[PDB]
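Trainee: what's the 3D shape of this:
(chains A, B, C, D, E, F, G, H and I)
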Amino acid sequence: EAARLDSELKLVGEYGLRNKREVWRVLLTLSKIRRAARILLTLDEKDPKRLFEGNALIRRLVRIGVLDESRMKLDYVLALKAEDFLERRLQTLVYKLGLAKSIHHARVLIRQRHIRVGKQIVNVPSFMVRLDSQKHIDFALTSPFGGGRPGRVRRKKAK
Amino acid sequence: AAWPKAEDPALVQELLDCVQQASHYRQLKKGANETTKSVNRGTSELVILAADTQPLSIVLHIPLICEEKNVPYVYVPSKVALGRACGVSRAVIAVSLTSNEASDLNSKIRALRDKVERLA
Amino acid sequence: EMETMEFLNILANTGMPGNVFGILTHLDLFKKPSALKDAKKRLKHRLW
Amino acid sequence: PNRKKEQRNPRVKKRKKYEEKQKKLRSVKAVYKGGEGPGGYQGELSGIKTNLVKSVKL
Amino acid sequence: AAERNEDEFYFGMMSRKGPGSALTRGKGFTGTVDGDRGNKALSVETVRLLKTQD
Amino acid sequence: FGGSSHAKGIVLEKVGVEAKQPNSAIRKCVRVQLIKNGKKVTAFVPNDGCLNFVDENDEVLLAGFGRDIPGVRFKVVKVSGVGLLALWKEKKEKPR
Amino acid sequence: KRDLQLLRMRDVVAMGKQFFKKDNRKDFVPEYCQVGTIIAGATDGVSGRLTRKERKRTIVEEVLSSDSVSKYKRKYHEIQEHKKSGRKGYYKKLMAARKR
Amino acid sequence: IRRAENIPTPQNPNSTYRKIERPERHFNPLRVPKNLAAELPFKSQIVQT
RNA sequence: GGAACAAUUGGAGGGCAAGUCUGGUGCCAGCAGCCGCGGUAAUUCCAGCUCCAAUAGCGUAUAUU
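Mentor: Residues are numbered from 1 along each chain as shown, chains lettered A, B, ... in the order given. Here you go, the structure:
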């Protein structure tokens, strides 16, 4: 269906993912979480199971940070979207921060190990970065843009 | 004259919070001339003007073009605190944070502009 | 080797017989066992 | 049959289709593309058609 | 030309200049008919005003 | 046929070996004798080049053929245990 | 009339650098018009104004005084070649080198 | 054999492929004889200046 | 630094000869086409034709549901 194809093509364009396989992964997880949201709406208000599960889940979701902290309602948790999920995706945070010139640029940085979250290097550009961890995204100390050695091509023309 | 003055209860602090966020996200123009040029180019999402400024006609002439463009402008009572909340080493009296099509800072701007819209 | 594949195609052409069996040899001429087992894997797939 | 560099690396293939889909997007509708230039207002730079109506009738 | 009625009559025939034939025009004869380029006999007074300007 | 999804059979005779048009299906047809039931049928090869590889009395795997001669239901898929399409792309040789 | 001819051809004026909406009637003449001039953009007076030696009387004079007249000539002589291609001088050359 | 006996391979100027110029053909205009333009009926006579 | 450190699998399409085959109230049409006059160390050709899908997985058969 053309709506499905144009939709997924638009998504990979605005966030240069690798494939519809990755896209459908994000979609299947959205389906789980919105399904849990729907069954929590199937429970009624002041039911303690609903209260505990709802506050726990919204806490999880604002803790990963994909939900805005302004709104804390299960209706908006059900109104969540994959645009916010791929905004949460690691590489897109890199491109939004401006360590790279393009989204594919940032994905290449995450592949060949230039950026770190806080302490450690991460090779995968689809890492779930939390709201608490969005700050400490910087170059490696081993990266030439961070320091250490000048780099391979720098070495070879300096030779 | 500065009747769209902001009040104490954490409103001002939310302003400074989003100000620092915009200084980090590089979606912020700063100082009276650059604020002027941003609202002239209409790109500004919202504009914040100090109130403790030596004579206030600067942050009085800015709301003229804010009233032309119809952009939310708001009065904050400490320009040195604006300087600190932007990270300047200099006190700033006029700041203008613009809009982009892809950010959650944009949602923060939406909430903040709704609050100042209820304010004025 | 060229002679190996030569022989392979001749076998397939004049006729695939009953049975063939591959003998990887000179395995003692290997410094890295990871490289050795990777060679084993790739060679097996090539022969299959 | 011969295949190309894009069909070789699937990621860069999905790059170039999107821009080509975005260039054609401007060929049907208009996209904001930033406001007026800093050099100032210099006209509706490509034509104006008074017999052209694009209002959607409700 | 074969199914041509020998005897038709439009009104350009009173107003044009015909083909005629080999004998009629003589050597400048091609059976096509002459469409005046757009000039005409200028009577005197006009020529005077023109020549005055010249 | 039967209940199976494939059938092994024996090449009788590439009827339509005297053909004038290259890609005609009566060029591409071949009578086979499916083994288990010992039955004569005819099948299509997808391409004339592959028809050149196939010869007689070779075991032939064939299957259904579903999408100028509608009615031939089978299409040959493997001969002497080798993939016709891989021969046709020149990937493997054919055991004889 | 020359001006209106130019304006209807303002597409080819921009040598590929700006495409207009091809507003083409057959009758390129508006039954009502007036010839005017821009006065003064008090905002921009350092470049957004023509110098005296560039303040020409006519539109076609302005497009004359701009550059790329060379480029016009270039494209025109291309099409000149392309339509002189096989028409008549070609054939005369053939019949000459056949007659010899 | 050719390299041994020092013989060049035969190669034909007339058989080696070439890049052809096709000049765009146009034809002469229609040419119609004197008597025909005479005898035809008014409605379709040719008008020539 | 691509002629490589050598992306794949399906589908659809377009372009062609001093070639072949078949049909007919002349040039049309059809299917087709590695086969063409020469030429294999020769050629440098659509110079890597175009587009759709999936993509380190996918196709097809049958049963189906």
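Trainee: list the contacts for the residue lying closest to residue E:36 once chain neighbours are set aside?
Mentor: In this structure, residue E:36 finds its nearest non-sequential neighbour in residue H:49, 7.3 Å apart by CB to CB, 6 or more residues apart in numbering or on different chains. All C-beta atoms are positioned from the backbone trio N, CA, C, and that covers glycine. By CB atoms under 8 Å, 6 or more residues apart in numbering or on different chains, the contact list for residue H:49 reads E:34, E:35, E:36, E:37.
Trainee: Pairing-wise in the sheet, spell out the partners of the first one.
Mentor: In this structure, residue E:34 has the following beta-bridge partners (DSSP bridges): residue H:48.
Trainee: what's residue B:43 in contact with, if anything?
Mentor: Residue B:43 sits in contact with B:98, B:99, D:35, where contact means CB under 8 Å, 6+ apart.
Trainee: For the nearest residue to residue B:78 once chain neighbours are set aside, what are phi and psi?
Mentor: Excluding the flanking residues, the one nearest residue B:78 by CB to CB, 6+ apart is residue B:52, at 5.7 Å. Note on residue B:52: its backbone torsions stand at phi -90, psi 20 [degrees, to the nearest 10].
Trainee: Same check on residue F:33?
Mentor: Dihedral angles (degrees, to the nearest 10) for residue F:33: phi -120, psi 100.
Trainee: Please give me every residue in contact with the most centrally placed residue in chain H.
Mentor: Nearest residue to the geometric centre of chain H (CA atoms, centre = their mean): residue H:25, 6.8 Å. The contact partners of residue H:25, by CB under 8 Å, 6+ apart, come to residue G:86.
Trainee: Could you do residue B:28 as well?
Mentor: B:19, B:22, B:86, B:95, B:96, B:97, B:98.
Trainee: re earlier: most neighbours among the contacts of residue B:43, which one is it?
Mentor: Of all the contacts of residue B:43, residue B:98 has the most neighbours under the rule other CB atoms under 10 Å in any protein chain shown, reaching 19 neighbours.
Trainee: Which residue ranges of chain F form helices?
Mentor: F:25-28, F:48-53, F:84-88 (DSSP state H).
Trainee: winner for burial among those?
Mentor: helix F:25-28 (a mean of 18; mean count of other CB atoms under 10 Å in any protein chain shown).
Trainee: Against which helices or strands is that helix packed?
Mentor: helix F:48-53 (3 or more CB pairs under 8 Å, 6 or more residues apart in numbering or on different chains; DSSP states H and E).
Trainee: can the helix it packs on be found next to RNA strand I?
Mentor: Yes - using CB under 7 Å from any atom of the strand, we find that helix F:48-53 touches RNA strand I at F:48, F:49.
Trainee: how near is the residue nearest to residue B:78 to chain E?
Mentor: 84 Å (CB to the nearest CB, to the nearest Å).
Trainee: list the contacts for that residue?
Mentor: Residue B:52 neighbours (CB under 8 Å, 6+ apart): B:77, B:78, B:79, B:80.
Trainee: for residue G:35, same thing?
Mentor: Going by CB under 8 Å, 6+ apart, the list of residues near residue G:35 reads residue G:3.
Trainee: Now it. Its backbone dihedrals?
Mentor: As for residue G:35, its main-chain torsions (degrees, to the nearest 10) stand at phi -100, psi 120.
Trainee: Which one of the contacts of residue B:52 is nearest to residue E:28?
Mentor: Nearest to residue E:28 among those is residue B:79, at 99.2 Å by CB to CB.
Trainee: can you pull up the bridge partners for the closest residue to that closest one other than its chain neighbours?
Mentor: The spatially closest residue to residue B:79, leaving aside those adjacent along the chain, is residue B:50, at 3.7 Å (CB to CB, 6+ apart). When bridges are taken as DSSP bridges, the partners of residue B:50 come out as residue B:76.
Trainee: For residue B:50, the count of nearby residues, please.
Mentor: 24.
Trainee: Okay, it and chain C: tell me how far apart.
Mentor: Distance, residue B:50 to chain C, using CB to the nearest CB: 66 Å.
Trainee: Okay, that residue and residue A:105: tell me how far apart.
Mentor: 38 Å (CB to CB, to the nearest Å).
Trainee: Then residue B:6?
Mentor: 40 Å.
Trainee: In terms of neighbours, single out the busier of the two.
Mentor: Shown here are residue B:6 and residue A:105; by other CB under 10 Å, residue B:6 has more neighbours (19 against 14).
Trainee: Let me see the contact set for the more buried one.
Mentor: Contacts of residue B:6 by CB under 8 Å, 6+ apart are B:12, B:15, B:74, B:75, B:76, B:77, B:116, B:119.
Trainee: cutoff 7 Å now
Mentor: Contact analysis of residue B:6 by CB atoms under 7 Å, 6 or more residues apart in numbering or on different chains lists B:12, B:15, B:74, B:75, B:76.
Trainee: And what about residue G:41, helix, strand or coil?
Mentor: Here residue G:41 is recorded as coil under DSSP: H, G, I helix; E, B strand; the rest coil.
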